[PDB]
>>> print(open('model_30.txt').read())   # compact mmCIF, C-alpha atoms and all ligand atoms
# COMPACT_ATOMS: atom_id res chain seq x y z
CA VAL A 1 124.45 103.51 95.69
CA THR A 2 125.19 103.03 91.97
CA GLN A 3 122.67 102.29 89.25
CA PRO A 4 122.81 102.12 85.42
CA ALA A 5 121.86 105.42 83.82
CA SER A 6 119.47 103.66 81.46
CA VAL A 7 118.26 100.25 80.37
CA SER A 8 116.26 99.07 77.38
CA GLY A 9 115.04 96.05 75.44
CA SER A 10 112.34 94.79 73.12
CA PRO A 11 108.77 94.29 74.41
CA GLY A 12 108.30 90.85 75.92
CA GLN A 13 111.92 90.68 77.11
CA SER A 14 113.19 90.54 80.67
CA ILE A 15 115.26 93.51 81.81
CA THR A 16 117.47 93.51 84.88
CA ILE A 17 118.30 96.75 86.69
CA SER A 18 121.30 96.48 89.01
CA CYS A 19 121.88 98.40 92.26
CA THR A 20 125.40 98.24 93.65
CA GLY A 21 126.27 99.43 97.13
CA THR A 22 128.58 98.29 99.90
CA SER A 23 128.48 95.95 102.89
CA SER A 24 127.00 98.66 105.11
CA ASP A 25 124.23 99.38 102.61
CA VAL A 26 123.23 96.43 100.45
CA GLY A 27 125.33 93.49 101.59
CA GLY A 28 124.41 93.32 105.27
CA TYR A 29 120.92 94.81 104.98
CA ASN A 30 118.08 93.09 103.14
CA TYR A 31 115.99 96.26 103.23
CA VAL A 32 116.34 97.13 99.57
CA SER A 33 113.27 98.52 97.85
CA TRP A 34 112.39 99.74 94.37
CA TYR A 35 110.18 102.62 93.24
CA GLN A 36 108.65 103.40 89.82
CA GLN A 37 108.29 107.06 88.92
CA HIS A 38 106.26 108.18 85.95
CA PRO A 39 106.93 111.70 84.58
CA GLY A 40 105.13 114.34 86.64
CA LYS A 41 103.94 111.80 89.22
CA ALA A 42 104.93 110.66 92.68
CA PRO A 43 106.82 107.31 92.73
CA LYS A 44 105.13 103.99 93.49
CA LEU A 45 106.57 101.18 95.61
CA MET A 46 107.13 98.11 93.45
CA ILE A 47 109.36 95.87 95.57
CA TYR A 48 110.43 95.85 99.22
CA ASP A 49 112.58 93.72 101.50
CA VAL A 50 114.56 92.78 98.39
CA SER A 51 111.94 90.52 96.82
CA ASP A 52 108.54 91.12 98.43
CA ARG A 53 105.81 92.63 96.28
CA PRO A 54 102.97 94.94 97.54
CA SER A 55 99.41 94.09 96.61
CA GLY A 56 98.28 95.91 93.48
CA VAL A 57 101.66 95.42 91.81
CA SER A 58 101.76 93.09 88.82
CA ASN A 59 103.58 89.78 89.16
CA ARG A 60 105.92 90.67 86.33
CA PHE A 61 108.08 92.54 88.83
CA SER A 62 110.48 90.58 91.00
CA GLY A 63 113.54 91.51 93.01
CA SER A 64 116.66 89.62 94.02
CA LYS A 65 119.99 90.17 95.75
CA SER A 66 123.49 88.74 95.68
CA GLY A 67 126.69 90.03 97.24
CA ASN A 68 126.44 93.82 97.40
CA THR A 69 124.29 94.14 94.30
CA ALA A 70 120.52 94.15 94.29
CA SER A 71 118.51 93.67 91.12
CA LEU A 72 115.04 94.39 89.82
CA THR A 73 113.88 92.11 87.05
CA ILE A 74 110.92 93.04 84.89
CA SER A 75 109.45 90.19 82.85
CA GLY A 76 107.13 90.54 79.89
CA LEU A 77 108.28 94.11 79.38
CA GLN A 78 105.38 96.38 78.46
CA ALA A 79 105.38 99.81 76.85
CA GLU A 80 103.58 100.91 80.01
CA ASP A 81 106.72 100.19 82.02
CA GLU A 82 108.66 103.20 80.77
CA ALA A 83 109.69 104.98 83.96
CA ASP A 84 112.54 105.98 86.23
CA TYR A 85 113.31 103.19 88.68
CA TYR A 86 114.94 104.14 91.95
CA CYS A 87 116.81 101.80 94.31
CA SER A 88 116.46 102.61 98.00
CA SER A 89 118.32 101.15 100.95
CA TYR A 90 119.30 101.76 104.54
CA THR A 91 122.86 102.80 105.22
CA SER A 92 124.43 102.24 108.62
CA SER A 93 127.42 104.48 108.00
CA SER A 94 127.96 107.11 110.69
CA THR A 95 124.55 108.46 111.67
CA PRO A 96 121.74 106.12 110.42
CA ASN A 97 120.08 107.35 107.24
CA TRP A 98 118.38 106.19 104.07
CA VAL A 99 119.53 106.68 100.51
CA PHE A 100 118.44 106.35 96.90
CA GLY A 101 120.43 105.35 93.85
CA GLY A 102 120.83 107.58 90.81
CA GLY A 103 117.73 106.14 89.17
CA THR A 104 117.60 104.02 86.04
CA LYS A 105 115.62 105.25 83.07
CA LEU A 106 113.78 102.38 81.42
CA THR A 107 112.79 102.82 77.79
CA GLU B 1 91.87 105.20 100.02
CA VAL B 2 95.10 106.41 101.67
CA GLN B 3 95.97 110.00 100.86
CA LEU B 4 98.58 112.61 101.75
CA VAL B 5 98.15 116.21 100.67
CA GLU B 6 101.12 118.58 100.75
CA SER B 7 100.60 122.30 101.18
CA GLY B 8 102.73 125.37 101.85
CA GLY B 9 104.95 125.28 98.77
CA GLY B 10 105.82 128.38 96.77
CA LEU B 11 108.66 130.82 96.11
CA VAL B 12 110.99 132.17 98.76
CA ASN B 13 114.24 134.12 98.88
CA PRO B 14 117.51 132.48 99.95
CA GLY B 15 118.16 132.88 103.66
CA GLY B 16 114.44 132.86 104.38
CA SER B 17 112.19 130.17 105.80
CA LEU B 18 109.14 128.17 104.80
CA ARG B 19 106.73 125.83 106.56
CA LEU B 20 105.43 122.84 104.67
CA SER B 21 102.69 120.57 105.89
CA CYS B 22 100.57 117.65 104.73
CA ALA B 23 97.26 116.27 105.92
CA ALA B 24 96.65 112.56 106.22
CA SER B 25 93.51 110.54 105.63
CA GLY B 26 92.39 106.97 104.97
CA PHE B 27 94.54 105.44 107.70
CA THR B 28 95.44 105.79 111.35
CA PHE B 29 97.95 108.61 111.37
CA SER B 30 99.30 107.71 114.79
CA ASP B 31 100.26 104.19 113.71
CA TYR B 32 102.81 105.15 111.06
CA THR B 33 106.14 106.90 110.60
CA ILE B 34 106.10 109.60 107.94
CA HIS B 35 109.07 110.64 105.84
CA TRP B 36 109.89 113.65 103.72
CA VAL B 37 111.69 113.11 100.44
CA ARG B 38 112.77 115.76 97.97
CA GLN B 39 113.46 115.68 94.26
CA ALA B 40 115.42 118.46 92.60
CA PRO B 41 114.28 119.16 89.00
CA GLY B 42 115.94 116.70 86.62
CA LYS B 43 117.43 114.79 89.55
CA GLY B 44 116.67 111.68 91.58
CA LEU B 45 115.15 111.26 95.02
CA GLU B 46 116.84 112.35 98.22
CA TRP B 47 115.63 111.45 101.68
CA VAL B 48 115.21 114.50 103.89
CA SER B 49 113.84 113.54 107.28
CA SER B 50 111.50 111.29 109.21
CA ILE B 51 109.37 111.45 112.31
CA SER B 52 108.11 108.42 114.21
CA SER B 53 104.53 108.07 115.41
CA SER B 54 105.51 108.98 118.97
CA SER B 55 107.65 111.85 117.68
CA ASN B 56 110.41 110.46 119.89
CA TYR B 57 112.53 109.20 117.02
CA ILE B 58 113.48 111.89 114.54
CA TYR B 59 116.08 111.64 111.82
CA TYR B 60 117.51 114.16 109.38
CA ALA B 61 119.75 113.94 106.36
CA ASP B 62 123.13 115.52 107.07
CA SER B 63 122.46 118.00 104.28
CA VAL B 64 119.51 119.49 106.17
CA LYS B 65 120.34 118.56 109.74
CA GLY B 66 120.53 121.63 111.94
CA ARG B 67 118.31 123.72 109.67
CA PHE B 68 115.12 121.72 109.31
CA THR B 69 112.68 120.95 112.12
CA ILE B 70 109.99 118.30 111.81
CA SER B 71 106.93 117.92 114.02
CA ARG B 72 103.55 116.23 113.92
CA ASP B 73 100.13 116.82 115.44
CA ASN B 74 98.49 113.45 115.87
CA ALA B 75 95.24 114.97 117.08
CA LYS B 76 94.84 116.84 113.79
CA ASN B 77 96.33 114.15 111.55
CA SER B 78 98.80 116.78 110.33
CA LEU B 79 102.54 116.69 109.66
CA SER B 80 104.66 119.85 109.45
CA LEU B 81 108.22 120.62 108.34
CA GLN B 82 109.90 123.94 109.13
CA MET B 83 112.79 124.85 106.87
CA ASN B 84 114.99 127.64 108.19
CA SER B 85 117.99 129.31 106.57
CA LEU B 86 117.22 127.67 103.24
CA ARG B 87 119.30 128.08 100.10
CA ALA B 88 119.12 127.81 96.31
CA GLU B 89 120.46 124.26 96.69
CA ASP B 90 117.24 123.30 98.45
CA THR B 91 115.06 123.84 95.38
CA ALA B 92 113.10 120.64 94.97
CA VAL B 93 109.71 119.01 94.93
CA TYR B 94 108.93 117.86 98.44
CA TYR B 95 106.84 114.80 99.14
CA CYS B 96 105.57 113.36 102.43
CA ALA B 97 105.30 109.53 102.36
CA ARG B 98 103.85 106.86 104.60
CA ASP B 99 106.29 104.30 105.92
CA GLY B 100 105.02 100.86 104.95
CA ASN B 101 106.68 99.34 108.00
CA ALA B 102 104.02 99.47 110.69
CA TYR B 103 106.31 97.69 113.12
CA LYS B 104 109.25 99.97 113.72
CA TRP B 105 109.78 98.35 117.07
CA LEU B 106 110.94 95.24 115.26
CA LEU B 107 113.05 96.62 112.42
CA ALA B 108 113.47 100.36 112.88
CA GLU B 109 116.01 100.51 110.07
CA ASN B 110 113.72 98.86 107.54
CA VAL B 111 112.06 101.62 105.55
CA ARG B 112 109.71 101.48 102.58
CA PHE B 113 107.30 104.09 101.27
CA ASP B 114 103.89 102.64 100.53
CA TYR B 115 102.06 105.88 99.91
CA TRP B 116 103.22 109.18 98.50
CA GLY B 117 101.51 112.53 98.35
CA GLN B 118 101.33 114.58 95.16
CA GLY B 119 104.24 116.72 96.28
CA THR B 120 104.73 120.47 96.43
CA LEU B 121 107.40 122.58 94.75
CA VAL B 122 109.68 124.80 96.76
CA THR B 123 111.77 127.29 94.79
CA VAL B 124 114.53 129.35 96.33
CA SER B 125 115.59 132.30 94.18
CA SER B 126 115.16 136.02 93.44
CA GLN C 1 118.73 101.25 124.63
CA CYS C 2 116.08 102.97 126.79
CA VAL C 3 112.75 104.18 125.44
CA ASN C 4 109.96 106.27 127.00
CA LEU C 5 106.48 104.77 126.54
CA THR C 6 103.61 106.95 125.40
CA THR C 7 99.88 106.72 124.75
CA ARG C 8 98.76 106.16 128.33
CA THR C 9 95.54 107.25 130.00
CA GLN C 10 95.77 109.20 133.23
CA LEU C 11 93.38 108.84 136.20
CA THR C 12 97.28 100.94 146.68
CA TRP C 13 96.03 99.89 143.23
CA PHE C 14 98.29 99.60 140.20
CA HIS C 15 96.94 98.48 136.85
CA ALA C 16 98.38 97.42 133.52
CA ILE C 17 95.44 96.81 131.21
CA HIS C 18 94.28 97.74 127.73
CA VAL C 19 90.58 97.96 126.82
CA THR C 20 91.40 103.02 128.44
CA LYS C 21 95.11 102.09 128.27
CA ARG C 22 97.27 101.76 131.37
CA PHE C 23 100.76 100.63 132.29
CA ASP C 24 101.50 101.64 135.85
CA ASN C 25 105.15 101.36 136.78
CA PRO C 26 105.88 104.46 138.94
CA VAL C 27 108.71 104.87 141.39
CA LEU C 28 107.45 104.22 144.90
CA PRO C 29 109.07 104.90 148.36
CA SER C 30 100.34 86.11 131.80
CA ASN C 31 103.46 86.71 134.00
CA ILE C 32 103.43 90.45 133.30
CA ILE C 33 105.22 91.30 136.54
CA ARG C 34 108.86 90.34 136.15
CA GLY C 35 110.85 92.10 138.82
CA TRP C 36 111.82 95.17 140.79
CA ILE C 37 114.43 97.90 141.00
CA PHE C 38 115.57 99.11 144.41
CA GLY C 39 117.70 102.16 145.29
CA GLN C 40 124.55 101.54 143.76
CA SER C 41 121.16 99.86 143.14
CA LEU C 42 119.65 96.38 143.29
CA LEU C 43 118.02 94.74 140.29
CA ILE C 44 115.85 91.66 140.66
CA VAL C 45 114.45 90.56 137.34
CA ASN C 46 112.96 87.31 136.14
CA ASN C 47 113.66 87.09 132.44
CA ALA C 48 112.30 84.42 130.13
CA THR C 49 114.88 81.86 131.23
CA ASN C 50 116.75 82.81 134.40
CA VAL C 51 116.27 84.88 137.53
CA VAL C 52 118.91 87.57 137.62
CA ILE C 53 119.94 89.33 140.81
CA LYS C 54 122.62 92.00 140.52
CA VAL C 55 123.88 95.02 142.42
CA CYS C 56 125.62 97.67 140.35
CA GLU C 57 125.95 101.34 139.59
CA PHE C 58 123.06 100.98 137.19
CA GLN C 59 121.92 103.76 134.93
CA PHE C 60 118.28 102.81 134.80
CA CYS C 61 115.82 103.83 132.10
CA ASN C 62 113.32 106.55 132.97
CA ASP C 63 110.67 103.99 132.10
CA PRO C 64 112.22 100.48 132.29
CA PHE C 65 110.52 97.36 131.00
CA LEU C 66 110.79 93.99 129.32
CA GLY C 67 108.97 92.96 126.17
CA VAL C 68 107.53 89.80 124.64
CA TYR C 69 106.82 89.55 120.94
CA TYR C 70 103.97 87.53 119.51
CA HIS C 71 104.77 85.79 116.27
CA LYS C 72 101.57 84.95 114.41
CA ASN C 73 103.61 82.79 112.05
CA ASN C 74 104.08 80.07 114.70
CA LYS C 75 101.85 81.39 117.55
CA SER C 76 104.96 81.78 119.65
CA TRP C 77 105.46 84.24 122.48
CA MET C 78 109.15 85.06 122.72
CA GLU C 79 111.03 87.51 124.89
CA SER C 80 112.85 89.99 122.70
CA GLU C 81 113.30 93.17 124.70
CA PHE C 82 115.26 93.99 127.80
CA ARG C 83 115.25 97.72 128.35
CA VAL C 84 115.96 98.21 132.01
CA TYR C 85 119.29 100.03 132.05
CA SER C 86 121.86 101.62 129.75
CA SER C 87 124.86 100.66 131.88
CA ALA C 88 125.84 98.55 134.88
CA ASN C 89 129.38 99.29 136.11
CA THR C 90 114.60 103.96 149.81
CA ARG C 91 112.71 103.89 146.46
CA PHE C 92 111.74 101.10 144.11
CA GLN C 93 110.11 100.47 140.74
CA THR C 94 108.21 97.50 139.34
CA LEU C 95 109.29 95.95 136.05
CA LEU C 96 106.43 94.94 133.79
CA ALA C 97 106.49 93.11 130.47
CA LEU C 98 104.94 94.59 127.33
CA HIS C 99 103.25 92.68 124.57
CA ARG C 100 103.97 93.50 120.95
CA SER C 101 102.17 91.95 118.00
CA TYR C 102 100.73 92.61 114.56
CA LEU C 103 97.84 94.22 116.43
CA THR C 104 100.16 96.84 117.92
CA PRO C 105 101.57 98.96 115.05
CA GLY C 106 103.81 101.93 115.77
CA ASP C 107 107.30 102.56 117.11
CA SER C 108 109.14 101.50 120.26
CA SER C 109 107.22 104.06 122.33
CA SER C 110 103.65 103.43 121.16
CA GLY C 111 103.57 100.09 119.35
CA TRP C 112 102.58 98.05 122.39
CA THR C 113 99.80 96.62 124.51
CA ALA C 114 99.67 94.87 127.86
CA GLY C 115 98.20 91.67 129.21
CA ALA C 116 95.82 91.96 132.13
CA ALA C 117 97.75 92.59 135.33
CA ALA C 118 97.56 94.41 138.65
CA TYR C 119 99.58 94.94 141.86
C1 LIG A 201 113.07 109.64 128.30
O1 LIG A 201 112.55 110.56 129.28
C2 LIG A 201 113.59 111.17 130.10
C3 LIG A 201 112.92 112.07 131.11
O2 LIG A 201 112.41 113.24 130.50
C4 LIG A 201 111.08 113.61 131.05
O3 LIG A 201 110.07 112.68 130.63
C5 LIG A 201 109.90 112.65 129.18
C6 LIG A 201 108.87 111.60 128.85
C7 LIG A 201 109.48 114.05 128.66
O4 LIG A 201 108.23 114.43 129.22
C8 LIG A 201 110.58 115.06 129.07
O5 LIG A 201 110.24 116.38 128.61
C9 LIG A 201 110.72 115.06 130.60
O6 LIG A 201 111.76 115.95 130.99
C10 LIG A 201 114.58 111.96 129.22
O7 LIG A 201 115.62 112.50 130.03
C11 LIG A 201 115.73 113.99 129.90
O8 LIG A 201 115.98 114.38 128.54
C12 LIG A 201 116.04 115.83 128.36
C13 LIG A 201 116.25 116.12 126.89
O9 LIG A 201 115.08 115.83 126.14
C14 LIG A 201 117.18 116.41 129.23
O10 LIG A 201 117.23 117.82 129.10
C15 LIG A 201 116.92 116.04 130.71
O11 LIG A 201 117.98 116.55 131.53
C16 LIG A 201 116.86 114.50 130.84
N1 LIG A 201 116.53 114.15 132.22
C17 LIG A 201 117.47 113.66 133.03
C18 LIG A 201 117.14 113.30 134.44
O12 LIG A 201 118.63 113.51 132.62
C19 LIG A 201 115.20 111.00 128.19
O13 LIG A 201 116.09 111.72 127.33
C20 LIG A 201 114.05 110.40 127.36
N2 LIG A 201 114.56 109.50 126.31
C21 LIG A 201 114.91 108.24 126.57
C22 LIG A 201 116.36 108.03 126.92
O14 LIG A 201 114.11 107.32 126.53
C1 LIG A 202 108.59 82.05 114.97
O1 LIG A 202 108.71 82.83 113.76
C2 LIG A 202 109.58 84.00 113.90
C3 LIG A 202 109.55 84.77 112.60
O2 LIG A 202 110.04 84.00 111.51
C4 LIG A 202 111.01 83.54 114.28
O3 LIG A 202 111.85 84.68 114.47
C5 LIG A 202 110.93 82.74 115.59
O4 LIG A 202 112.24 82.29 115.95
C6 LIG A 202 110.00 81.53 115.39
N1 LIG A 202 109.88 80.80 116.66
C7 LIG A 202 109.74 79.49 116.67
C8 LIG A 202 109.61 78.76 117.97
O5 LIG A 202 109.72 78.85 115.61
>>> encode(input="model_30.txt", output="structure tokens", more="lines below")
Ligand SMILES: *[C@@H]1O[C@H](CO[C@@H]2O[C@@H](C)[C@@H](O)[C@@H](O)[C@@H]2O)[C@@H](O[C@@H]2O[C@H](CO)[C@@H](O)[C@H](O)[C@H]2NC(C)=O)[C@H](O)[C@H]1NC(C)=O
Ligand SMILES: *[C@@H]1O[C@H](CO)[C@@H](O)[C@H](O)[C@H]1NC(C)=O
Amino acid sequence: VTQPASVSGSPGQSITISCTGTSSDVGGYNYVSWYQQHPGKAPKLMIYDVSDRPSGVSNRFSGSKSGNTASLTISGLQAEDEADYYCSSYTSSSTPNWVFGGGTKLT
Amino acid sequence: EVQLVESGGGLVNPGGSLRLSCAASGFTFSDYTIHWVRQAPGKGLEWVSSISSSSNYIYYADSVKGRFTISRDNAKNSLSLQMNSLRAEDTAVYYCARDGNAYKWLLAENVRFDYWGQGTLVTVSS
Amino acid sequence: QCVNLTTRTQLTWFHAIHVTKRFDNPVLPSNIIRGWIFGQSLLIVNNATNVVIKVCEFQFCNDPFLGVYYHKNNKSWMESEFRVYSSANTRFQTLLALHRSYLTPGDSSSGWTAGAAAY
């Protein structure tokens, strides 16, 4: 699972974080989820099942998927959003397991 | 409020062993699958293992498979992880997290982590 | 794929109720009852659509059953599970259907209930 090392943009702008896998990971499995980790803290679930959003999460966060690449789009970028965003998915290769992407640092 | 509290972290020598555990509260322990995830300092997240509510379905990452043993006591709302023959490469912060998918009989492969504990650091060195 | 069921209270009358939680389907010498296993072995099972009668070298599950899922989205009861045997190249066992719904969280072994039944 491949992610951008870092993304950035002006406040108020919409930033898209890509997550590229393969057919056995992202393409054939709409189980992609995204987690926001603040420094020194445990990660929070932001998006699951590609686009679904947990209660308590702001509506500025939305997910999408096409081909073998999943994306997290953050609208109305706030300073508060600075965090490491991890892409998680199920991989059916060999023995069933779950993986995370490298993690994208949002500034 | 849903909470998970990890305990049993600390410093160990390579080749040794360490038991981690976390207590659950705020939800029905026996209704959810609980996963362990580790994060090496300066690195991203890596899934370690998972144990289903019945304890019948247990999965391990290949990197720990054969060394780690996971078990849960539903009566005590307590999850334990026994790490044997550990190495310097296993230094990481370990978290226990609640699987948001309460219906593993429908989509066992579909995993999300709704709640995370604070995490506990395990350091392997001397 | 076979699965062993758990979370069952321990205590001819056979019950499959959930208030105490029971699901009696031992090996003996709402349409919950679906069929029987006898024993090569004979399988007589009434699935959601057709009655199936087969004789084969079955490798039966230690705890065989069928399952019906309740979809709250359309209030539809649909048969989704058939976990009787892994292969099919004096004693018998009764095949009962399980109910699974949003009210039965857990995994394949514990995430279930049962409609009132007896035999
Ligand atoms: C399902 O259960 C069977 C039977 O195992 C017994 O009942 C279980 C609920 C539990 O109480 C076991 O300890 C009991 O022994 C399992 O078949 C046995 O599996 C073990 C390995 O765990 C093996 O050593 C035995 O030889 C197996 N028994 C036979 C007759 O082969 C089965 O693995 C369980 N899992 C499935 C497939 O649902
Ligand atoms: C009911 O909804 C479920 C979930 O979307 C679907 O899988 C099932 O096929 C639907 N059944 C009917 C009769 O619409």
>>> atom_distance(input="model_30.txt", atom1="CA of residue 103 (chain C)", atom2="CA of residue 48 (chain B)")
29.5 Å
>>> residues_around(input="model_30.txt", residues="residue 20 (chain B)", least_positions_apart="4", cutoff="8 Å", atoms="only C-alpha atoms", output="list in words")
residues 6, 7, 8, 9, 80, 81, 82 and 83 of chain B
>>> closest_residue(input="model_30.txt", among="A:27, A:76, A:67, A:43", to="chain B", atoms="only C-alpha atoms")
A:43
>>> residues_near_ligand(input="model_30.txt", ligand="ligand LIG 201 (chain A)", cutoff="8 Å", atoms="only C-alpha atoms and all ligand atoms", output="number ranges by chain")
B: 56; C: 1-6, 61-63
>>> atom_distance(input="model_30.txt", atom1="CA of residue 112 (chain B)", atom2="CA of residue 78 (chain C)")
26.0 Å
>>> interface_residues(input="model_30.txt", of="chain C", to="chain B", cutoff="10 Å", atoms="only C-alpha atoms", output="list in words")
residues 3, 4, 5, 6, 7, 69, 80, 81, 100, 101, 102, 103, 104, 105, 106, 107, 108, 109, 110, 111 and 112 of chain C
>>> atom_distance(input="model_30.txt", atom1="CA of residue 99 (chain C)", atom2="CA of residue 58 (chain B)")
24.0 Å
>>> residues_near_ligand(input="model_30.txt", ligand="ligand LIG 202 (chain A)", cutoff="9 Å", atoms="only C-alpha atoms and all ligand atoms", output="list in words")
residues 70, 71, 72, 73, 74, 75, 76, 77 and 78 of chain C
>>> residues_near_point(input="model_30.txt", point="(119.3, 96.2, 101.2)", cutoff="10 Å", atoms="all atoms listed in the file", output="PyMOL selection string")
(chain A and resi 19-33+48-50+65+68-70+87-91) or (chain B and resi 110)
>>> write_last_selection(input="model_30.txt", atoms="C-alpha atoms", output="PDB file, in the frame of the given file")
ATOM      1  CA  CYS A  19     121.880  98.400  92.260  1.00  0.00           C
ATOM      2  CA  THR A  20     125.400  98.240  93.650  1.00  0.00           C
ATOM      3  CA  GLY A  21     126.270  99.430  97.130  1.00  0.00           C
ATOM      4  CA  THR A  22     128.580  98.290  99.900  1.00  0.00           C
ATOM      5  CA  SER A  23     128.480  95.950 102.890  1.00  0.00           C
ATOM      6  CA  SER A  24     127.000  98.660 105.110  1.00  0.00           C
ATOM      7  CA  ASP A  25     124.230  99.380 102.610  1.00  0.00           C
ATOM      8  CA  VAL A  26     123.230  96.430 100.450  1.00  0.00           C
ATOM      9  CA  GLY A  27     125.330  93.490 101.590  1.00  0.00           C
ATOM     10  CA  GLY A  28     124.410  93.320 105.270  1.00  0.00           C
ATOM     11  CA  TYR A  29     120.920  94.810 104.980  1.00  0.00           C
ATOM     12  CA  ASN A  30     118.080  93.090 103.140  1.00  0.00           C
ATOM     13  CA  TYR A  31     115.990  96.260 103.230  1.00  0.00           C
ATOM     14  CA  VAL A  32     116.340  97.130  99.570  1.00  0.00           C
ATOM     15  CA  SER A  33     113.270  98.520  97.850  1.00  0.00           C
ATOM     16  CA  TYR A  48     110.430  95.850  99.220  1.00  0.00           C
ATOM     17  CA  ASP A  49     112.580  93.720 101.500  1.00  0.00           C
ATOM     18  CA  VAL A  50     114.560  92.780  98.390  1.00  0.00           C
ATOM     19  CA  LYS A  65     119.990  90.170  95.750  1.00  0.00           C
ATOM     20  CA  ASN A  68     126.440  93.820  97.400  1.00  0.00           C
ATOM     21  CA  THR A  69     124.290  94.140  94.300  1.00  0.00           C
ATOM     22  CA  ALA A  70     120.520  94.150  94.290  1.00  0.00           C
ATOM     23  CA  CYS A  87     116.810 101.800  94.310  1.00  0.00           C
ATOM     24  CA  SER A  88     116.460 102.610  98.000  1.00  0.00           C
ATOM     25  CA  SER A  89     118.320 101.150 100.950  1.00  0.00           C
ATOM     26  CA  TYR A  90     119.300 101.760 104.540  1.00  0.00           C
ATOM     27  CA  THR A  91     122.860 102.800 105.220  1.00  0.00           C
TER      28      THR A  91
ATOM     29  CA  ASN B 110     113.720  98.860 107.540  1.00  0.00           C
TER      30      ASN B 110
END
>>> interface_residues(input="model_30.txt", of="chain A", to="chain B", cutoff="12 Å", atoms="all atoms listed in the file", output="compact mmCIF listing (two decimals) with C-alpha atoms, keeping the file's coordinate frame")
# COMPACT_ATOMS: atom_id res chain seq x y z
CA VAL A 1 124.45 103.51 95.69
CA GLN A 3 122.67 102.29 89.25
CA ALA A 5 121.86 105.42 83.82
CA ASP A 25 124.23 99.38 102.61
CA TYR A 29 120.92 94.81 104.98
CA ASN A 30 118.08 93.09 103.14
CA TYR A 31 115.99 96.26 103.23
CA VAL A 32 116.34 97.13 99.57
CA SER A 33 113.27 98.52 97.85
CA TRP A 34 112.39 99.74 94.37
CA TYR A 35 110.18 102.62 93.24
CA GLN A 36 108.65 103.40 89.82
CA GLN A 37 108.29 107.06 88.92
CA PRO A 39 106.93 111.70 84.58
CA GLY A 40 105.13 114.34 86.64
CA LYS A 41 103.94 111.80 89.22
CA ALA A 42 104.93 110.66 92.68
CA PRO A 43 106.82 107.31 92.73
CA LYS A 44 105.13 103.99 93.49
CA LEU A 45 106.57 101.18 95.61
CA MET A 46 107.13 98.11 93.45
CA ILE A 47 109.36 95.87 95.57
CA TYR A 48 110.43 95.85 99.22
CA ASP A 49 112.58 93.72 101.50
CA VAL A 50 114.56 92.78 98.39
CA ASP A 52 108.54 91.12 98.43
CA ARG A 53 105.81 92.63 96.28
CA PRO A 54 102.97 94.94 97.54
CA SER A 55 99.41 94.09 96.61
CA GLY A 56 98.28 95.91 93.48
CA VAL A 57 101.66 95.42 91.81
CA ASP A 84 112.54 105.98 86.23
CA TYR A 85 113.31 103.19 88.68
CA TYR A 86 114.94 104.14 91.95
CA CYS A 87 116.81 101.80 94.31
CA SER A 88 116.46 102.61 98.00
CA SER A 89 118.32 101.15 100.95
CA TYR A 90 119.30 101.76 104.54
CA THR A 91 122.86 102.80 105.22
CA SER A 92 124.43 102.24 108.62
CA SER A 93 127.42 104.48 108.00
CA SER A 94 127.96 107.11 110.69
CA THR A 95 124.55 108.46 111.67
CA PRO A 96 121.74 106.12 110.42
CA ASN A 97 120.08 107.35 107.24
CA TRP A 98 118.38 106.19 104.07
CA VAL A 99 119.53 106.68 100.51
CA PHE A 100 118.44 106.35 96.90
CA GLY A 101 120.43 105.35 93.85
CA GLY A 102 120.83 107.58 90.81
CA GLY A 103 117.73 106.14 89.17
CA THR A 104 117.60 104.02 86.04
CA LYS A 105 115.62 105.25 83.07
>>> axis_aligned_box(input="model_30.txt", around="region 36-45 of chain B", padding_each_side="3 Å", output="AutoDock Vina command-line options")
--center_x 113.7 --center_y 115.2 --center_z 95.2 --size_x 13.5 --size_y 13.9 --size_z 23.1
>>> residues_around(input="model_30.txt", residues="residue 11 (chain A)", least_positions_apart="4", cutoff="8 Å", atoms="only C-alpha atoms", output="list in words")
residues 76, 77, 78 and 79 of chain A
>>> closest_residue(input="model_30.txt", among="B:64, B:13, B:4, B:91", to="residue 41 (chain B)", atoms="only C-alpha atoms")
B:91
>>> residues_around(input="model_30.txt", residues="residue 72 (chain A)", least_positions_apart="4", cutoff="8 Å", atoms="only C-alpha atoms", output="mmCIF file with C-alpha atoms, in the frame of the given file")
data_model
loop_
_atom_site.group_PDB
_atom_site.id
_atom_site.type_symbol
_atom_site.label_atom_id
_atom_site.label_comp_id
_atom_site.auth_asym_id
_atom_site.auth_seq_id
_atom_site.Cartn_x
_atom_site.Cartn_y
_atom_site.Cartn_z
ATOM 1 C CA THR A 16 117.470 93.510 84.880
ATOM 2 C CA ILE A 17 118.300 96.750 86.690
ATOM 3 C CA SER A 18 121.300 96.480 89.010
ATOM 4 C CA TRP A 34 112.390 99.740 94.370
ATOM 5 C CA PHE A 61 108.080 92.540 88.830
ATOM 6 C CA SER A 62 110.480 90.580 91.000
ATOM 7 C CA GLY A 63 113.540 91.510 93.010
ATOM 8 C CA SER A 64 116.660 89.620 94.020
#
>>> residues_around(input="model_30.txt", residues="residue 20 (chain C)", least_positions_apart="5", cutoff="9 Å", atoms="all atoms listed in the file", output="ChimeraX atom specification")
/C:8-10
>>> closest_residue(input="model_30.txt", among="B:37, B:51, B:124, B:11", to="residue 86 (chain B)", atoms="only C-alpha atoms")
B:124
